[PDB]
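Note sheet for the following structure.
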Amino acid sequence: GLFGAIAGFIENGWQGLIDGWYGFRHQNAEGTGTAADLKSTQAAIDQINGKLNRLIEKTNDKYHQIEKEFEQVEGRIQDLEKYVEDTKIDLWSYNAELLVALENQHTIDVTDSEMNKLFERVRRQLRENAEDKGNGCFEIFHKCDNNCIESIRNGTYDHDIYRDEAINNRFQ
Amino acid sequence: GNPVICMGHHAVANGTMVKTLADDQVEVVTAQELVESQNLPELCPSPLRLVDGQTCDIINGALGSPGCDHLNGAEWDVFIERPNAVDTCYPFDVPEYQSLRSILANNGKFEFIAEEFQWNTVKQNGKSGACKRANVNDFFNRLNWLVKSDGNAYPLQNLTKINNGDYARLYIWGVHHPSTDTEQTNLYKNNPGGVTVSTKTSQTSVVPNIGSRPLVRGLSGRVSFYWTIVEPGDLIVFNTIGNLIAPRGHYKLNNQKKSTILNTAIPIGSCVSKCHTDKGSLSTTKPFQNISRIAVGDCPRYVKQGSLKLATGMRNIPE
Ligand SMILES: CC(=O)N[C@H]1[C@H]([C@H](O)[C@H](O)CO)O[C@@](O)(C(=O)O)C[C@@H]1O
Ligand SMILES: *[C@@H]1O[C@H](CO)[C@@H](O)[C@H](O)[C@H]1NC(C)=O
Ligand SMILES: *[C@@H]1O[C@H](CO)[C@@H](O)[C@H](O)[C@H]1NC(C)=O
């Protein structure tokens, strides 16, 4: 992907994460947990279902067309009919082939992008209280119990509360 | 400082391979197939109107061959024409066969209108052993076989039908080809015969065609069938010195022709679908199909590929 998160600095996905596309995994003094992130999940899903909807409905409402099957050759007029139908099928096959390749390259970049937005969002909440470890993980330089963790996950973490503690841990 | 928080994404054990611009095989968590490759083994009678020709193809249905009375008055979106249809009448050909079959199929109904043609002194309603109706000699019930009077008299014929109705008319008429000059003379007196049909805007003339021909249904004789479309305000004139297979009237044309024909053996069933292929109906939401190029109605687009997977999820990287 263009952003290098999925199959990049996140080395793999989590099979244990079964209730969202993206989420958080932590370790603090009282244990470990895995929780889904709803916003990032929903953003990815919305952009993909949108793709699907535009796609699945075409309108190809055709009735009287031309003959496409022949028992014996007749020459000029029949050649032209076969050539017209064969030309049409190749162009539509090309269109289908290109369409799916474009859509898939985009889908993969969107999902890598959303992973990156999620990581960047948490990086911004954490301010000077944490350091990027390089594998999609932050080392948090202050005590962070289950309520603290959940405040990071739900967007209410207030970096000022723990800054003095974290600054002192980071540089001495 | 020592607690750790990690941002991640889901994965499953075994994902689906897709193609991108770059790669022929990328594994993603989910995908959706965009090519329909399954069909129903039946044709759906709803919501499009299907009419089954059964033993008649559409040309025989129009001519009124034995076995085709069930098609009288019939209206269709799609005429279903069976590969195993069979001629039940006098051996015949249509010089522009596919063009007439197209016009009938497109038109979309068999709405026949009887007219009376006051043919002079010639004997009407000729029948044949090659066109049995319930073991009785008969003919195309939409055509009228004319022959000489009992006292040898096939005079020049000259009748006109004027169109002052609010719809175009389709007249189907024909020309009989004896296999000897002896046959010619005992049927139509004169030799050669000849038909010429005309409108304000056109003109046709057929010279009958005498010669030995292979036996079809026990006969060497033939009928060549033609047609004439007569718009409102125009007229049709029939001229004969012999050999005319005359019309009993005309078919109505719709102003707007929106129907078509599908040649298939597939049985009509009980399902619902608006997409019909010659391999049967399609019941799908997919945008493409590889089942048949022959497809009628509201169909996915036909393509050569057997499969095209659309990714509906991210790269799958398990563990
Ligand atoms: C007189 C007439 O119009 N119809 C007769 C035909 C035709 O004269 C020939 O088929 C023309 O080639 O000949 C028959 O033997 C037949 O085929 O059933 C008897 C039939 O009554
Ligand atoms: C019959 O032909 C005559 C002349 O040959 C012509 O005046 C007349 O209009 C024709 N009648 C019909 C009904 O076409
Ligand atoms: C359509 O695709 C399937 C696989 O998706 C394949 O097995 C089948 O042969 C294809 N049909 C035709 C007519 O090519």
Of the listed residues (B:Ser202, B:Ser198, B:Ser179), the one being more than 16 Å from ligand 2 (Cβ to nearest atom) and either among the polar types (S, T, N, Q) or under 22 Å from B:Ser149 (Cα atoms) (or both) is B:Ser179
Given the conditions (1) in a loop (DSSP other than H, G, I, E, B); (2) more than 16 Å from ligand 1 (Cβ to nearest atom); (3) not small (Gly, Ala, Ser), which single one is not true for B:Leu159? (1)
For the range A:1-44, which positions are in contact with a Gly (Cβ under 9 Å, 6 or more places away or on another chain), of a type in the set (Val, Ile, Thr) and either loosely packed, with under 14 Cβ neighbours inside 10 Å or not in a strand (DSSP E or B) (or both)? A:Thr41
The range B:219-269: strands (runs of 3 or more DSSP E) wholly inside it with 1 or more residues that are of a type in the set (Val, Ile, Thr), on the phi < 0 side of the Ramachandran plot and in contact with a helix residue (DSSP H, G or I) (Cβ under 6 Å, 6 or more places away or on another chain) are B:260-263
Do you know which residues across the range B:156-195 are closer than 17 Å to B:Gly126 by Cα and either surrounded by fewer than 17 Cβ atoms within 10 Å (Cβ to Cβ) or free of Cβ contacts under 8 Å to residues at least 12 places away in the same chain (or both)? B:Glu183, B:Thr185, B:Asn186
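Yes/no matrix, rows are residues, columns are (1) over 14 Å from B:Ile58 (Cβ atoms); (2) without any contact (Cβ under 8 Å) to a residue 24 or more places away in the chain; (3) touching a helix residue (DSSP H, G or I) at 6+ places or on another chain (Cβ under 9 Å); (4) of a type in the set (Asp, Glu):
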| position | (1), (2), (3), (4) |
| --- | --- |
| B:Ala74 | no, no, yes, no |
| B:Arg82 | no, no, no, no |
| B:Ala105 | no, no, yes, no |
| B:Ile113 | yes, no, no, no |
| B:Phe117 | yes, no, no, no |
Evaluate the range B:192-209: report whether one residue or more is assigned to a loop (DSSP other than H, G, I, E, B) and in contact with an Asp or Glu (Cβ under 6 Å, 6 or more places away or on another chain). yes
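Every residue, every condition in (1) touching a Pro at 6+ places or on another chain (Cβ under 8 Å); (2) among the basic types (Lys, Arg); (3) surrounded by 18 or more Cβ atoms within 10 Å (Cβ to Cβ), yes or no:
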{"site": "B:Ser224", "(1), (2), (3)": "yes, no, yes"}
{"site": "B:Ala246", "(1), (2), (3)": "no, no, yes"}
{"site": "B:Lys279", "(1), (2), (3)": "no, yes, no"}
{"site": "B:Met314", "(1), (2), (3)": "no, no, yes"}
Does the range A:63-73 contain any residue that is assigned to a helix (DSSP H, G or I), without any contact (Cβ under 8 Å) to a residue 40 or more places away in the chain and farther than 30 Å from B:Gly1 by Cα? no
Which of the residues belonging to the range B:1-17 are within 7 Å of chain A (Cβ to nearest Cβ) and either of a type in the set (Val, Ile, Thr) or under 13 Å from B:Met314 (Cα atoms) (or both)? B:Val4, B:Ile5, B:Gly8, B:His9, B:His10, B:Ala11, B:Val12
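Note that each Cβ is placed from the backbone with ideal geometry, even for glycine, and that neighbours are counted across all protein chains shown. Each reported figure results from applying straightforward, stated rules to the coordinates on display, with no laboratory input.
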